[PDB]
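Colleague: One structure, as structure tokens, below. Some questions next.
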Amino acid sequence: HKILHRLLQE
Amino acid sequence: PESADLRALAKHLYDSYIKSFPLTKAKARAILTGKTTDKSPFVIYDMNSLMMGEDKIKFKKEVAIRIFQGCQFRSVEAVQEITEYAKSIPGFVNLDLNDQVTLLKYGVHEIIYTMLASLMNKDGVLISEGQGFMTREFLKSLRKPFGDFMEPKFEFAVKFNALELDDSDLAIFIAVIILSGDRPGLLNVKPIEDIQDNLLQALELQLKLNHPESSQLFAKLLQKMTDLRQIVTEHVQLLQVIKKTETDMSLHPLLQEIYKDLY
Ligand SMILES: *c1ccc([N+](=O)[O-])cc1C(=O)Nc1ccccc1OCc1ccccc1
């Protein structure tokens, strides 16, 4: 779930 | 009283919704009913129209495949938008990042359906930020499995739009969907439900105030929330089918993240 993780960290 | 705090939460959420989402229900209806000194959108009803109107399509292979790709492009952006909005819901980011992910993973399709309804009427859907209008009859008429992909979303939207909710209602409603404590695989349900309780009260008050005309709009809207789960199950499955059966078609990574271990 990297993209989701990344979208959430931005 | 507490009403003041609830009102303030509603207005925070409305504002965040306005920033997060490019096309409001308000503008979309204005477009859909021609109530705007702005040229109407390019109607796409057949393969010809699509050709003539492919210059107008937002997208950056057969027709059905191409339409679904365009529909897939916009879906990914919707998830980016829903995710940004989620971040703004008070105390969502303070949750465990593994739960943040779980919520969104199950939440987005329910909200995408909600969002689409803002863009739909009985006969078609607004696309490319209201610049195109793709007809229901046309989408329906696509070859299988693609012809029956959008029709369930059309069916929900005629029912859902009967409630005549506006953007201020929708903002809170959306927040309520995201913060569901009953999603498969949540690590820590208690702080989720604590926020949802605030949100539901915020929603009840909003609906009473914004629509004193209509009592049990709150009850009616909560019943839609429960339908939408099982409606989203059908959609999840039909995609997993389309993934396997159509080898030519690449499915977007982010989308795939959300279909993994879903039902
Ligand atoms: C369309 C096709 C596939 C997927 N998907 O793989 O999950 C999603 C969608 C979709 O949900 N589209 C969509 C969602 C929310 C707002 C706007 C959307 O696009 C509508 C549309 C665009 C272009 C052509 C037809 C419909």
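Chain B is numbered as in Swiss-Prot, which gives 234-293, 303-505 for the residues shown.
Looking at the header, which is where the method is noted, we find X-ray crystallography, 2.8 Å.
From the backbone N, Cα and C atoms, a Cβ is placed for every residue, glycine too.
According to Swiss-Prot, the feature ubiquitin cross-link maps to B:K252. The rosiglitazone binding site annotation in Swiss-Prot covers B:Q314, B:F315, B:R316, B:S317, B:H351, B:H477, B:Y501. Per Swiss-Prot, the feature motif '9aaTAD' maps to B:495-503.
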Colleague: Taking ligand 1 as the reference, state which of the binding-site residues B:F315, B:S317, B:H351 have a Cβ closer than 6 Å to one of its atoms.
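Modeller: Going through B:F315, B:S317, B:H351 in sequence order, those close to ligand 1 turn out to be B:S317.
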Colleague: Please name the residue among the binding-site residues B:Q314, B:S317 whose C-beta has the most neighbouring C-beta atoms within 10 angstroms.
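Modeller: Going through B:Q314, B:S317 one by one, the largest Cβ count within 10 Å is at B:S317.
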Colleague: So the record assigns B:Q314, B:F315, B:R316, B:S317, B:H351, B:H477, B:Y501 to rosiglitazone. If I measure every Cα pair among those residues, what is the longest distance in angstrom, as a whole number?
Modeller: 17
Colleague: The deposited coordinates stop at B:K293 and pick up again at B:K303, leaving 9 residues out. What Cα-Cα distance does that leave, in Å?
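Modeller: Cα to Cα, the distance spanning the unmodelled stretch is 15 Å.
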Colleague: Between B:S317 (rosiglitazone binding site) and B:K252 (ubiquitin cross-link), what is the CA-CA distance rounded to a whole number of Å?
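Modeller: Checking the Cα atoms of B:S317 (rosiglitazone binding site) and B:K252 (ubiquitin cross-link) gives a distance of 18 Å.
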Colleague: Using a 10 Å radius around each Cβ and all protein chains in view, which of these recorded positions has the most neighbours: B:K252, B:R316, B:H351, B:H477?
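Modeller: Max Cβ neighbours within 10 Å, all protein chains included: B:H351.
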Colleague: Within the chain of B:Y501 (rosiglitazone binding site), which residues six or more apart in sequence place their C-beta under 8 angstroms from its C-beta?
Modeller: B:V478, B:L481, B:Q482, B:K485
Colleague: Is it possible to get the count of other C-beta atoms within 10 angstroms of the C-beta of B:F315 (rosiglitazone binding site)?
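Modeller: Total other Cβ atoms inside 10 Å, all chains included: 15.
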